[PDB]
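Okay, structure-v4.pdb is below, PDB, C-alpha atoms and all ligand atoms:
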MODEL        1
ATOM      1  CA  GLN A 127     -29.932  33.288  56.698
ATOM      2  CA  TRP A 128     -32.595  32.529  54.111
ATOM      3  CA  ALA A 129     -34.073  29.212  53.031
ATOM      4  CA  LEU A 130     -36.182  28.220  49.958
ATOM      5  CA  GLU A 131     -39.136  27.330  52.231
ATOM      6  CA  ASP A 132     -39.384  31.023  53.253
ATOM      7  CA  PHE A 133     -40.817  31.754  49.748
ATOM      8  CA  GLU A 134     -43.858  31.098  47.657
ATOM      9  CA  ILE A 135     -42.567  30.945  44.103
ATOM     10  CA  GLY A 136     -44.757  31.979  41.276
ATOM     11  CA  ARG A 137     -44.456  33.171  37.803
ATOM     12  CA  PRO A 138     -41.267  32.956  35.733
ATOM     13  CA  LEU A 139     -39.915  36.419  34.942
ATOM     14  CA  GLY A 140     -37.129  35.720  32.585
ATOM     15  CA  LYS A 141     -34.202  33.618  31.666
ATOM     16  CA  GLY A 142     -30.636  34.527  31.123
ATOM     17  CA  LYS A 143     -27.625  32.456  30.267
ATOM     18  CA  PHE A 144     -27.365  31.603  33.917
ATOM     19  CA  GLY A 145     -30.298  33.180  35.806
ATOM     20  CA  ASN A 146     -33.750  31.651  35.739
ATOM     21  CA  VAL A 147     -35.627  34.450  37.463
ATOM     22  CA  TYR A 148     -38.977  33.911  39.216
ATOM     23  CA  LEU A 149     -41.565  36.034  40.893
ATOM     24  CA  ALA A 150     -41.698  35.200  44.580
ATOM     25  CA  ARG A 151     -43.226  36.252  47.857
ATOM     26  CA  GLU A 152     -41.742  35.981  51.284
ATOM     27  CA  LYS A 153     -44.274  34.132  53.525
ATOM     28  CA  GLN A 154     -43.826  36.045  56.816
ATOM     29  CA  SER A 155     -43.974  39.569  55.495
ATOM     30  CA  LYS A 156     -45.618  38.948  52.052
ATOM     31  CA  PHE A 157     -42.806  40.902  50.444
ATOM     32  CA  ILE A 158     -42.957  40.435  46.610
ATOM     33  CA  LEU A 159     -39.516  40.102  45.071
ATOM     34  CA  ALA A 160     -37.674  38.234  42.287
ATOM     35  CA  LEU A 161     -35.526  35.151  42.889
ATOM     36  CA  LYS A 162     -32.661  34.650  40.501
ATOM     37  CA  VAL A 163     -31.874  30.942  40.516
ATOM     38  CA  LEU A 164     -28.535  29.665  39.315
ATOM     39  CA  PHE A 165     -27.212  26.083  38.978
ATOM     40  CA  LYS A 166     -23.923  25.381  40.800
ATOM     41  CA  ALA A 167     -22.901  22.879  38.085
ATOM     42  CA  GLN A 168     -23.392  25.418  35.314
ATOM     43  CA  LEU A 169     -21.534  28.109  37.252
ATOM     44  CA  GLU A 170     -18.794  25.635  38.017
ATOM     45  CA  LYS A 171     -18.484  24.460  34.379
ATOM     46  CA  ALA A 172     -18.496  27.945  32.841
ATOM     47  CA  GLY A 173     -16.186  29.117  35.596
ATOM     48  CA  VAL A 174     -18.062  32.266  36.706
ATOM     49  CA  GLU A 175     -18.129  31.938  40.464
ATOM     50  CA  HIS A 176     -16.197  35.239  40.549
ATOM     51  CA  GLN A 177     -19.026  36.982  38.679
ATOM     52  CA  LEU A 178     -21.478  35.663  41.236
ATOM     53  CA  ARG A 179     -19.400  37.250  44.132
ATOM     54  CA  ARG A 180     -18.992  40.579  42.309
ATOM     55  CA  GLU A 181     -22.707  40.645  41.511
ATOM     56  CA  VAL A 182     -23.588  39.935  45.159
ATOM     57  CA  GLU A 183     -20.937  42.293  46.676
ATOM     58  CA  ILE A 184     -21.558  45.157  44.308
ATOM     59  CA  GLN A 185     -25.241  44.987  44.059
ATOM     60  CA  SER A 186     -26.019  44.382  47.759
ATOM     61  CA  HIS A 187     -24.059  47.558  48.641
ATOM     62  CA  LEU A 188     -25.111  50.168  45.986
ATOM     63  CA  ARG A 189     -28.067  52.422  46.652
ATOM     64  CA  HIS A 190     -29.481  54.432  43.825
ATOM     65  CA  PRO A 191     -33.017  54.536  42.569
ATOM     66  CA  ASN A 192     -31.967  53.511  39.007
ATOM     67  CA  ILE A 193     -30.049  50.461  40.191
ATOM     68  CA  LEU A 194     -31.740  47.256  41.150
ATOM     69  CA  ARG A 195     -31.355  46.123  44.746
ATOM     70  CA  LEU A 196     -30.081  42.744  45.718
ATOM     71  CA  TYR A 197     -31.316  42.078  49.204
ATOM     72  CA  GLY A 198     -29.608  38.720  49.853
ATOM     73  CA  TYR A 199     -28.845  35.166  48.929
ATOM     74  CA  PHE A 200     -28.738  31.553  50.001
ATOM     75  CA  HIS A 201     -27.907  28.242  48.368
ATOM     76  CA  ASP A 202     -29.072  24.627  48.127
ATOM     77  CA  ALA A 203     -27.259  21.404  47.503
ATOM     78  CA  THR A 204     -27.883  22.181  43.876
ATOM     79  CA  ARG A 205     -28.597  25.925  43.326
ATOM     80  CA  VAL A 206     -27.829  29.503  44.259
ATOM     81  CA  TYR A 207     -30.693  31.903  44.939
ATOM     82  CA  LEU A 208     -30.342  35.709  44.644
ATOM     83  CA  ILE A 209     -33.098  37.722  46.314
ATOM     84  CA  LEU A 210     -33.713  40.762  44.102
ATOM     85  CA  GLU A 211     -35.978  43.758  44.019
ATOM     86  CA  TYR A 212     -38.870  42.988  41.602
ATOM     87  CA  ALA A 213     -39.164  45.267  38.553
ATOM     88  CA  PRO A 214     -42.795  44.971  37.572
ATOM     89  CA  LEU A 215     -42.878  46.521  34.129
ATOM     90  CA  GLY A 216     -40.259  44.226  32.688
ATOM     91  CA  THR A 217     -37.313  44.975  30.420
ATOM     92  CA  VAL A 218     -36.404  47.801  28.092
ATOM     93  CA  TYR A 219     -35.784  44.965  25.611
ATOM     94  CA  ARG A 220     -39.521  43.906  25.661
ATOM     95  CA  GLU A 221     -40.531  47.587  25.533
ATOM     96  CA  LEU A 222     -38.548  48.014  22.345
ATOM     97  CA  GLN A 223     -39.924  44.826  20.805
ATOM     98  CA  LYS A 224     -43.424  45.985  21.528
ATOM     99  CA  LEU A 225     -42.878  49.593  20.480
ATOM    100  CA  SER A 226     -40.218  49.139  17.713
ATOM    101  CA  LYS A 227     -38.489  52.461  18.408
ATOM    102  CA  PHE A 228     -38.829  55.113  21.103
ATOM    103  CA  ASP A 229     -39.415  58.818  20.521
ATOM    104  CA  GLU A 230     -36.776  61.274  21.576
ATOM    105  CA  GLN A 231     -38.246  62.043  24.982
ATOM    106  CA  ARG A 232     -38.541  58.464  26.192
ATOM    107  CA  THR A 233     -35.071  57.884  24.792
ATOM    108  CA  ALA A 234     -33.645  61.011  26.417
ATOM    109  CA  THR A 235     -35.354  60.211  29.671
ATOM    110  CA  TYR A 236     -33.844  56.761  29.744
ATOM    111  CA  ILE A 237     -30.424  58.066  28.861
ATOM    112  CA  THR A 238     -30.710  60.553  31.749
ATOM    113  CA  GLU A 239     -31.619  57.756  34.138
ATOM    114  CA  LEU A 240     -28.766  55.571  32.840
ATOM    115  CA  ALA A 241     -26.263  58.370  32.961
ATOM    116  CA  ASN A 242     -27.137  59.198  36.648
ATOM    117  CA  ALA A 243     -27.021  55.599  37.638
ATOM    118  CA  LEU A 244     -23.695  55.105  35.860
ATOM    119  CA  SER A 245     -22.399  58.411  37.312
ATOM    120  CA  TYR A 246     -23.076  56.965  40.711
ATOM    121  CA  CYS A 247     -21.361  53.630  39.880
ATOM    122  CA  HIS A 248     -18.293  55.242  38.422
ATOM    123  CA  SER A 249     -18.125  57.454  41.553
ATOM    124  CA  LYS A 250     -17.223  54.163  43.229
ATOM    125  CA  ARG A 251     -14.842  52.872  40.507
ATOM    126  CA  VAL A 252     -17.523  50.320  39.464
ATOM    127  CA  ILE A 253     -17.953  49.760  35.706
ATOM    128  CA  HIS A 254     -20.876  47.578  34.657
ATOM    129  CA  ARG A 255     -19.687  46.573  31.101
ATOM    130  CA  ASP A 256     -22.953  44.825  30.146
ATOM    131  CA  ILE A 257     -25.492  47.626  29.819
ATOM    132  CA  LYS A 258     -27.894  45.908  27.333
ATOM    133  CA  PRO A 259     -31.646  46.319  27.095
ATOM    134  CA  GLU A 260     -32.360  42.880  28.556
ATOM    135  CA  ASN A 261     -30.472  44.020  31.764
ATOM    136  CA  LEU A 262     -32.326  47.329  31.979
ATOM    137  CA  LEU A 263     -35.396  46.828  34.031
ATOM    138  CA  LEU A 264     -38.483  49.036  34.620
ATOM    139  CA  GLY A 265     -39.836  49.920  38.031
ATOM    140  CA  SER A 266     -43.545  50.676  38.785
ATOM    141  CA  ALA A 267     -43.155  54.327  37.816
ATOM    142  CA  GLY A 268     -41.579  53.152  34.485
ATOM    143  CA  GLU A 269     -38.187  54.251  35.841
ATOM    144  CA  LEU A 270     -35.184  52.483  34.491
ATOM    145  CA  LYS A 271     -33.110  50.217  36.790
ATOM    146  CA  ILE A 272     -29.757  48.785  35.936
ATOM    147  CA  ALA A 273     -29.440  45.080  36.763
ATOM    148  CA  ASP A 274     -27.127  42.117  36.120
ATOM    149  CA  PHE A 275     -23.843  43.182  37.685
ATOM    150  CA  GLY A 276     -21.997  39.902  37.018
ATOM    151  CA  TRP A 277     -19.750  41.555  34.461
ATOM    152  CA  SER A 278     -18.883  44.553  36.630
ATOM    153  CA  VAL A 279     -15.284  45.194  37.642
ATOM    154  CA  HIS A 280     -13.298  47.768  39.586
ATOM    155  CA  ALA A 281     -11.581  50.020  37.110
ATOM    156  CA  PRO A 282      -9.453  49.721  35.092
ATOM    157  CA  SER A 283      -9.337  46.101  33.973
ATOM    158  CA  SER A 284      -8.131  43.924  31.154
ATOM    159  CA  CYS A 290     -18.852  35.330  25.284
ATOM    160  CA  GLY A 291     -22.390  36.274  23.799
ATOM    161  CA  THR A 292     -23.439  39.272  21.626
ATOM    162  CA  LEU A 293     -20.892  41.934  20.914
ATOM    163  CA  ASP A 294     -23.340  44.713  20.067
ATOM    164  CA  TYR A 295     -22.856  46.862  23.160
ATOM    165  CA  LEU A 296     -19.117  46.407  23.691
ATOM    166  CA  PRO A 297     -16.508  48.966  22.693
ATOM    167  CA  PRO A 298     -13.428  48.342  20.479
ATOM    168  CA  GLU A 299     -11.037  48.357  23.437
ATOM    169  CA  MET A 300     -13.004  45.526  25.038
ATOM    170  CA  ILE A 301     -13.734  43.135  22.103
ATOM    171  CA  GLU A 302      -9.994  43.476  21.247
ATOM    172  CA  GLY A 303      -8.657  42.682  24.808
ATOM    173  CA  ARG A 304      -7.036  46.047  25.762
ATOM    174  CA  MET A 305      -7.257  47.859  29.088
ATOM    175  CA  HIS A 306     -10.455  49.664  29.645
ATOM    176  CA  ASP A 307     -12.025  51.721  32.326
ATOM    177  CA  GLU A 308     -15.309  53.701  32.930
ATOM    178  CA  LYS A 309     -15.436  54.782  29.251
ATOM    179  CA  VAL A 310     -16.738  51.360  28.237
ATOM    180  CA  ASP A 311     -20.082  52.379  29.751
ATOM    181  CA  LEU A 312     -20.101  55.574  27.706
ATOM    182  CA  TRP A 313     -19.790  53.686  24.437
ATOM    183  CA  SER A 314     -22.665  51.388  25.469
ATOM    184  CA  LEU A 315     -24.782  54.452  26.342
ATOM    185  CA  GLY A 316     -24.264  55.600  22.721
ATOM    186  CA  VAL A 317     -25.185  52.178  21.358
ATOM    187  CA  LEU A 318     -28.336  52.248  23.569
ATOM    188  CA  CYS A 319     -29.218  55.796  22.487
ATOM    189  CA  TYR A 320     -29.045  54.721  18.835
ATOM    190  CA  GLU A 321     -30.948  51.535  19.444
ATOM    191  CA  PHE A 322     -33.737  53.272  21.288
ATOM    192  CA  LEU A 323     -34.284  55.744  18.424
ATOM    193  CA  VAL A 324     -33.650  53.407  15.495
ATOM    194  CA  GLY A 325     -34.782  50.094  16.958
ATOM    195  CA  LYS A 326     -31.631  48.150  16.192
ATOM    196  CA  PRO A 327     -28.148  48.613  17.538
ATOM    197  CA  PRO A 328     -25.729  50.409  15.200
ATOM    198  CA  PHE A 329     -23.302  47.501  14.568
ATOM    199  CA  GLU A 330     -25.898  44.748  14.257
ATOM    200  CA  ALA A 331     -25.050  42.037  11.729
ATOM    201  CA  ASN A 332     -25.806  38.488  10.850
ATOM    202  CA  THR A 333     -22.586  37.200  12.337
ATOM    203  CA  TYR A 334     -20.308  37.809  15.234
ATOM    204  CA  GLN A 335     -17.322  38.187  12.983
ATOM    205  CA  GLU A 336     -19.005  40.797  10.755
ATOM    206  CA  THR A 337     -20.137  42.602  13.991
ATOM    207  CA  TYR A 338     -16.651  42.584  15.374
ATOM    208  CA  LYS A 339     -15.472  44.275  12.143
ATOM    209  CA  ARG A 340     -18.210  46.902  12.296
ATOM    210  CA  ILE A 341     -17.377  47.792  15.905
ATOM    211  CA  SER A 342     -13.596  48.024  15.375
ATOM    212  CA  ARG A 343     -14.164  50.129  12.226
ATOM    213  CA  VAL A 344     -16.932  52.048  14.075
ATOM    214  CA  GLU A 345     -18.921  51.542  10.964
ATOM    215  CA  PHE A 346     -22.440  52.972  11.569
ATOM    216  CA  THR A 347     -24.956  55.140   9.685
ATOM    217  CA  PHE A 348     -28.117  57.080  10.681
ATOM    218  CA  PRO A 349     -31.529  56.840   9.112
ATOM    219  CA  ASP A 350     -33.025  60.120   7.976
ATOM    220  CA  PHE A 351     -35.411  60.463  10.860
ATOM    221  CA  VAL A 352     -32.603  60.657  13.474
ATOM    222  CA  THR A 353     -32.203  64.342  14.264
ATOM    223  CA  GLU A 354     -29.103  66.480  14.371
ATOM    224  CA  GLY A 355     -28.950  66.698  18.156
ATOM    225  CA  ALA A 356     -29.187  62.939  18.537
ATOM    226  CA  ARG A 357     -26.609  62.370  15.752
ATOM    227  CA  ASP A 358     -24.378  64.704  17.662
ATOM    228  CA  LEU A 359     -24.695  62.870  21.007
ATOM    229  CA  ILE A 360     -24.318  59.465  19.531
ATOM    230  CA  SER A 361     -21.273  60.461  17.349
ATOM    231  CA  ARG A 362     -19.575  61.701  20.490
ATOM    232  CA  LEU A 363     -20.194  58.602  22.564
ATOM    233  CA  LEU A 364     -19.274  56.231  19.750
ATOM    234  CA  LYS A 365     -15.689  57.371  19.330
ATOM    235  CA  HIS A 366     -12.973  54.644  18.919
ATOM    236  CA  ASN A 367     -10.689  56.470  21.172
ATOM    237  CA  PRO A 368     -11.931  56.079  24.761
ATOM    238  CA  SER A 369     -10.396  59.342  26.056
ATOM    239  CA  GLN A 370     -12.428  61.265  23.428
ATOM    240  CA  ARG A 371     -15.805  60.123  24.832
ATOM    241  CA  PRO A 372     -17.697  62.723  26.957
ATOM    242  CA  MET A 373     -17.921  62.439  30.691
ATOM    243  CA  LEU A 374     -21.337  61.659  32.033
ATOM    244  CA  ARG A 375     -21.999  65.320  33.023
ATOM    245  CA  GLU A 376     -21.326  66.434  29.471
ATOM    246  CA  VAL A 377     -23.989  63.833  28.476
ATOM    247  CA  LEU A 378     -26.445  65.079  31.107
ATOM    248  CA  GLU A 379     -25.997  68.712  29.830
ATOM    249  CA  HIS A 380     -26.143  67.889  26.152
ATOM    250  CA  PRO A 381     -28.646  70.226  24.540
ATOM    251  CA  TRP A 382     -30.593  67.302  23.007
ATOM    252  CA  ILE A 383     -30.836  65.554  26.404
ATOM    253  CA  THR A 384     -31.914  68.809  28.131
ATOM    254  CA  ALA A 385     -34.393  69.633  25.345
ATOM    255  CA  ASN A 386     -36.022  66.192  25.369
ATOM    256  CA  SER A 387     -35.640  64.485  28.803
ATOM    257  CA  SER A 388     -37.665  64.833  32.077
ATOM    258  CA  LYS A 389     -36.648  65.708  35.678
ATOM    259  CA  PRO A 390     -37.917  63.424  38.541
TER
HETATM  260  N1  LIG A 401     -35.783  41.865  39.407
HETATM  261  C1  LIG A 401     -36.347  41.451  38.204
HETATM  262  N2  LIG A 401     -37.588  41.751  37.882
HETATM  263  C2  LIG A 401     -38.150  41.376  36.733
HETATM  264  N3  LIG A 401     -37.515  40.660  35.831
HETATM  265  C3  LIG A 401     -36.287  40.256  35.985
HETATM  266  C4  LIG A 401     -35.610  40.665  37.242
HETATM  267  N4  LIG A 401     -34.386  40.148  37.210
HETATM  268  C5  LIG A 401     -34.272  39.490  35.979
HETATM  269  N5  LIG A 401     -35.434  39.544  35.260
HETATM  270  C6  LIG A 401     -35.643  38.946  33.903
HETATM  271  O1  LIG A 401     -34.807  37.797  33.691
HETATM  272  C7  LIG A 401     -33.738  37.989  32.764
HETATM  273  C8  LIG A 401     -32.450  37.432  33.330
HETATM  274  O2  LIG A 401     -31.957  38.242  34.443
HETATM  275  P1  LIG A 401     -30.394  38.446  34.615
HETATM  276  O3  LIG A 401     -29.866  39.400  33.590
HETATM  277  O4  LIG A 401     -30.228  38.886  36.079
HETATM  278  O5  LIG A 401     -29.677  37.021  34.379
HETATM  279  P2  LIG A 401     -28.313  36.699  33.542
HETATM  280  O6  LIG A 401     -28.365  37.684  32.446
HETATM  281  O7  LIG A 401     -28.443  35.229  33.317
HETATM  282  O8  LIG A 401     -27.229  37.147  34.665
HETATM  283  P3  LIG A 401     -25.583  37.160  34.809
HETATM  284  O9  LIG A 401     -25.135  38.191  33.803
HETATM  285  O10 LIG A 401     -25.262  37.332  36.321
HETATM  286  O11 LIG A 401     -25.054  35.776  34.454
HETATM  287  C9  LIG A 401     -33.703  39.497  32.592
HETATM  288  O12 LIG A 401     -33.131  39.915  31.350
HETATM  289  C10 LIG A 401     -35.147  39.864  32.843
HETATM  290  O13 LIG A 401     -35.942  39.534  31.724
HETATM  291 MG    MG A 402     -28.817  39.518  32.011
ENDMDL
END

Translate this structure into structure tokens?
Amino acid sequence: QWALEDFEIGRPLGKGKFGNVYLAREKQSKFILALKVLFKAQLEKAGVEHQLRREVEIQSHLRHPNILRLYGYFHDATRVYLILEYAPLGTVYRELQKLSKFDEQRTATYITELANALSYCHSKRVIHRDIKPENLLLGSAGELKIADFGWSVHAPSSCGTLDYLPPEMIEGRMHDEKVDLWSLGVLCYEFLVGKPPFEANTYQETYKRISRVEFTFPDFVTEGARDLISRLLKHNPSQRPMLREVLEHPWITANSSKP
């Protein structure tokens, strides 16, 4: 259905590897939204037309308040256009740059929102695999929305920064839902500390740190946080808590908010 002439394009919202995302308004209804614009050539060269379909299939059909809606799509001679829900307060990545580190209640709140959203996804055998702060968007209430479903896959199943990926994944092995639990632990640490726990100056060093699960806490991280993170960041996937154990963890319950 949709054509480019249906939209007034405005301000650029962000760039990814593939997406060049703009603010946009639909002329008839004046509906503000975001258009994610991708180049067919690029997609063709990098060979990710599958990721495009998954992203469209998965994301058009989920419905949860902490997951970003994709409303539709259309294409040009030259480009593909995804019609997305607009997240007006930007990324958790920009929040963290601006704030440096989050206190325990913002952190806990975000983890709660992530863990419900992921609970919902996993309910449908969907694993996201790319839960990074630049793909975590903020709605008008400051509520966290998971975006960028191009990496998602039905579970189980067999590029850029490695920081959020678990051992089983950077090493090739089979993985399932528990990937998203490891990433939740990396996010929890990053929110509190301000850098992810396996950060390094090189990919190869990072790879080592993840496979050795080589991380330490600064002094200011508290015992309840250390406990949640240590549990999520276990090498062995089967040893990572389910999402309900996360949601009930005394540190989450002590520090997070309800809707
Ligand atoms: N709905 C939105 N509202 C506000 N900003 C957005 C929205 N969608 C994307 N952005 C901004 O643009 C950046 C790129 O978006 P996105 O992650 O969808 O592209 P990508 O990472 O290139 O995607 P893919 O993983 O499918 O190849 C985001 O990290 C974010 O800064
Ligand atoms: Mg992205």

(message) On this structure, the PyMOL selection byres (((chain A and resi 264) around 7) and not hetatm) would catch which residues? List them as a VMD selection string, sorted by chain and number.
(response) chain A and resid 213 to 218 262 to 263 265 to 266 268 to 271

(request) List the residues selected by the PyMOL selection byres (((chain A and resi 294-305) around 9) and not hetatm) in the file shown, writing them as a PyMOL selection string. (result) chain A and resi 255-258+282-284+292-293+306-307+309-311+313-318+327-331+334+337-338+341-344+364+366-368

(message) As a quick test: using only C-alpha atoms and all ligand atoms, which residues lie no more than 9 Å away from ligand LIG 401 (chain A)? Give them as JSON, numbers by chain.
(response) {"A": [138, 139, 140, 141, 142, 143, 144, 145, 146, 147, 148, 149, 159, 160, 161, 162, 163, 164, 169, 174, 177, 178, 181, 194, 195, 196, 209, 210, 211, 212, 213, 214, 215, 216, 217, 219, 220, 256, 258, 259, 260, 261, 262, 263, 264, 265, 273, 274, 275, 276, 277]}

(request) Would you kindly return, as number ranges by chain, each protein, DNA or RNA residue with an atom no farther than 12 Å from any atom of residue 349 (chain A), considering only C-alpha atoms and excluding same-chain residues fewer than 2 positions away? (result) A: 320-321, 323-326, 328, 346-347, 351-354, 356-357

(request) Compare A:312, A:253, A:279, A:206 by their minimum atom-to-atom distance to residue 375 (chain A), counting all atoms listed in the file, and give me the closest one. (result) A:312

(request) Go through A:232, A:254, A:190, A:340 one by one, measure the shortest atom-to-atom distance of each to ligand MG 402 (chain A) using all atoms listed in the file, and give the residue with the smallest value. (result)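 The shortest atom-to-atom distance to ligand MG 402 (chain A) comes from A:254.
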
(message) I need the residue nearest ligand MG 402 (chain A) from this list: A:207, A:182, A:291, A:360. Use all atoms listed in the file for the distance.
(response)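 Between A:207, A:182, A:291, A:360, the residue approaching ligand MG 402 (chain A) most closely is A:291.
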
The PyMOL selection byres (((chain A and resi 127-130) around 7) and not hetatm) resolved against shown file, as an mmCIF file with C-alpha atoms, keeping the file's coordinate frame:
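Dumped to part30.cif:
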data_model
loop_
_atom_site.group_PDB
_atom_site.id
_atom_site.type_symbol
_atom_site.label_atom_id
_atom_site.label_comp_id
_atom_site.auth_asym_id
_atom_site.auth_seq_id
_atom_site.Cartn_x
_atom_site.Cartn_y
_atom_site.Cartn_z
ATOM 1 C CA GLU A 131 -39.136 27.330 52.231
ATOM 2 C CA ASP A 132 -39.384 31.023 53.253
ATOM 3 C CA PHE A 133 -40.817 31.754 49.748
ATOM 4 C CA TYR A 199 -28.845 35.166 48.929
ATOM 5 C CA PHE A 200 -28.738 31.553 50.001
#

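Atom pair CA of residue 234 (chain A) / CA of residue 374 (chain A): separated by 13.5 Å.
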
(message) Set the distance at 9 Å and use all atoms listed in the file: which residues neighbour residue 386 (chain A) once local chain neighbours fewer than 2 positions away are removed? I'd like the list as a list in words.
(response)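 With the cut-off at 9 Å, the set is residues 230, 231, 232, 233, 234, 235, 381, 382, 383, 384 and 388 of chain A.
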
(message) Report, in Å to a single decimal, how far apart CA of residue 243 (chain A) and CA of residue 179 (chain A) are.
(response)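 If I compute the distance from CA of residue 179 (chain A) to CA of residue 243 (chain A), I get 20.9 Å.
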
(message) What does the structure give for the distance between CA of residue 267 (chain A) and CA of residue 236 (chain A), in Å to one decimal?
(response) 12.6 Å

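For the residues A:229, A:308, A:345, A:202, ranking by smallest atom-to-atom distance to residue 247 (chain A) using all atoms listed in the file places A:308 first.
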
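The closest residue to ligand MG 402 (chain A), picked from A:370, A:272, A:377, A:359 and counting only C-alpha atoms and all ligand atoms, is A:272.
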
Generate N, CA, C and O atoms for region 247-263 of chain A and emit them as a short mmCIF file (atom, residue, chain, number, x, y, z; two decimals), keeping the file's coordinate frame.
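In the end it all went to part-v8.cif:
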data_model
loop_
_atom_site.label_atom_id
_atom_site.label_comp_id
_atom_site.auth_asym_id
_atom_site.auth_seq_id
_atom_site.Cartn_x
_atom_site.Cartn_y
_atom_site.Cartn_z
N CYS A 247 -22.22 54.83 39.86
CA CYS A 247 -21.36 53.63 39.88
C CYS A 247 -19.89 53.98 39.72
O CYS A 247 -19.02 53.46 40.40
N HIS A 248 -19.63 54.79 38.73
CA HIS A 248 -18.29 55.24 38.42
C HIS A 248 -17.70 56.05 39.60
O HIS A 248 -16.52 55.99 39.83
N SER A 249 -18.55 56.78 40.33
CA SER A 249 -18.12 57.45 41.55
C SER A 249 -17.43 56.48 42.49
O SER A 249 -16.60 56.89 43.26
N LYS A 250 -17.78 55.20 42.40
CA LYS A 250 -17.22 54.16 43.23
C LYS A 250 -16.28 53.25 42.48
O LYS A 250 -16.07 52.12 42.90
N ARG A 251 -15.71 53.71 41.36
CA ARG A 251 -14.84 52.87 40.51
C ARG A 251 -15.48 51.57 39.96
O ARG A 251 -14.75 50.66 39.48
N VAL A 252 -16.81 51.49 39.99
CA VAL A 252 -17.52 50.32 39.46
C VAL A 252 -17.89 50.61 38.00
O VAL A 252 -18.50 51.64 37.71
N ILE A 253 -17.49 49.73 37.11
CA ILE A 253 -17.95 49.76 35.71
C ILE A 253 -18.75 48.48 35.43
O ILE A 253 -18.37 47.42 35.89
N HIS A 254 -19.87 48.63 34.73
CA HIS A 254 -20.88 47.58 34.66
C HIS A 254 -20.49 46.63 33.52
O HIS A 254 -20.41 45.44 33.74
N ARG A 255 -20.22 47.22 32.35
CA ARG A 255 -19.69 46.57 31.10
C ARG A 255 -20.68 45.74 30.28
O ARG A 255 -20.29 45.10 29.32
N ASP A 256 -21.95 45.74 30.66
CA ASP A 256 -22.95 44.82 30.15
C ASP A 256 -24.32 45.50 30.21
O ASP A 256 -25.33 44.90 30.56
N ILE A 257 -24.33 46.76 29.84
CA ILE A 257 -25.49 47.63 29.82
C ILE A 257 -26.20 47.34 28.46
O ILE A 257 -25.82 47.89 27.43
N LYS A 258 -27.15 46.42 28.49
CA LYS A 258 -27.89 45.91 27.33
C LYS A 258 -29.34 45.99 27.71
O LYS A 258 -29.64 45.80 28.87
N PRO A 259 -30.26 46.08 26.73
CA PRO A 259 -31.65 46.32 27.10
C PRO A 259 -32.29 45.21 27.90
O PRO A 259 -33.21 45.46 28.73
N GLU A 260 -31.83 43.98 27.71
CA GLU A 260 -32.36 42.88 28.56
C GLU A 260 -31.92 42.96 30.07
O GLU A 260 -32.44 42.22 30.90
N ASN A 261 -30.90 43.75 30.37
CA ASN A 261 -30.47 44.02 31.76
C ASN A 261 -30.89 45.39 32.33
O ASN A 261 -30.42 45.85 33.42
N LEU A 262 -31.81 46.03 31.61
CA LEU A 262 -32.33 47.33 31.98
C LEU A 262 -33.73 47.06 32.30
O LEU A 262 -34.54 46.82 31.37
N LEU A 263 -34.05 47.16 33.60
CA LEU A 263 -35.40 46.83 34.03
C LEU A 263 -36.24 48.07 34.32
O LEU A 263 -35.68 49.16 34.41
#
